[PDB]
Amino acid sequence: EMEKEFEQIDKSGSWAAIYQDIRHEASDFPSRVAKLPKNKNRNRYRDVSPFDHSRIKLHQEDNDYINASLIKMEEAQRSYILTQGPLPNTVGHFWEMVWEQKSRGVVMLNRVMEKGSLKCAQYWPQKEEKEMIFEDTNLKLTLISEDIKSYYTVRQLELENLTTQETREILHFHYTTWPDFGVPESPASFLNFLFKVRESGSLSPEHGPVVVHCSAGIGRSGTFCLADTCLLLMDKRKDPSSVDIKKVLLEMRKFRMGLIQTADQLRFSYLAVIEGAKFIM
Ligand SMILES: c1csc(-c2ncc[nH]2)c1
């Protein structure tokens, strides 16, 4: 059981060592499409690339590339698209991906500005009456409503395909209080946020996969998917303590490199799953 494993690694301060074993054990697959010179300006970070085997393809004949990975967790019956925070030139591609994958929710775990730099383009409208048009992908986006709380904001958005005049409602879940450095002290507001995404229906098999991002789509985004998948597997298995976080993380790393960036994010993931297990047992 992980509670005991937590105390061990914590009391022995072995987090950096566990983290290094995960780094060593992690899969490495080709990412040839990401490294094509024509895709250089579609990537926020040159060292963060989707693997070719799990990458999301855009349905445009010209250039199908977006920095986005499908993470398929077979036993948990959960899928997630993990992506980078859009660039000024990829906002249209981002919403094209949301449209084409039939996603119901977008989960954002960063602020647009952190540490005095832009971590993400402003890719949604700030006011009801000022809609955004993406001329390159023929999509219109309208803010319908915005519910601002202490730790997170939920926004209802209408996405309209200008080519076919279909419209869908998208929910934008924006966790606004992840600190500039380190991890939250307590996982309580993160768990509350995760239960709110679940309650929306956004993670349900009726819909396309949820889109999850931070700046690179590997660190905070990683913590989100890992916590969700681990808690769901604890519901599903005869023996909930058979759930090994490290194994789940390694299975997720077959689909996108670098998920969980620091030993602190790993410790936080254990804490989130341990605490979430109380609200689930
Ligand atoms: C790194 C690759 S592209 C890029 C960019 N595009 C627009 C703003 N920053 C930064």
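The first residue in the sequence is number 1, and the count goes up from there. Scope of the values below: all heavy atoms of this structure, side chains included, with no hydrogens, waters or symmetry mates. All ligand and atom numbering here is 1-based and tracks the order in the structure.
Put simply, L203 and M108 are part of two different groups of oily side chains (I, L, V, M, F, W, Y) that touch within less than 4.5 Å, one to the next.
With sequence neighbours excluded, no residue forms a ring-ring contact (aromatic ring centres under 6.0 Å, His included) with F255. When the ring-ring contact (aromatic ring centres under 6.0 Å, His included) test is applied to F51, the partners found at least two apart in sequence or on another chain are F29, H53.
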Note every protein N or O atom lying under 3.5 Å from an N or O atom of ligand 1, pairing the names and giving the distance.
residue  : atom  : partner : partner atom : Å
ligand 1 : 6 (N) : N89     : OD1          : 3.4

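Taking the six-membered ring where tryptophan is involved, the planes of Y123 and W95 are tilted, since the angle between them lies from 30° to 60°.
Applying the side-chain hydrogen bond (donor to acceptor under 3.5 Å, both in side chains) test to every pair with at least one member in residues 66-76, sequence neighbours left out, gives these pairs: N43-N67, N67-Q84, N67-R256, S69-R256, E75-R237.
In summary, the side chains of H172 and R155 do present a donor paired with an acceptor at a separation below 3.5 Å, with no hydrogens or angles considered.
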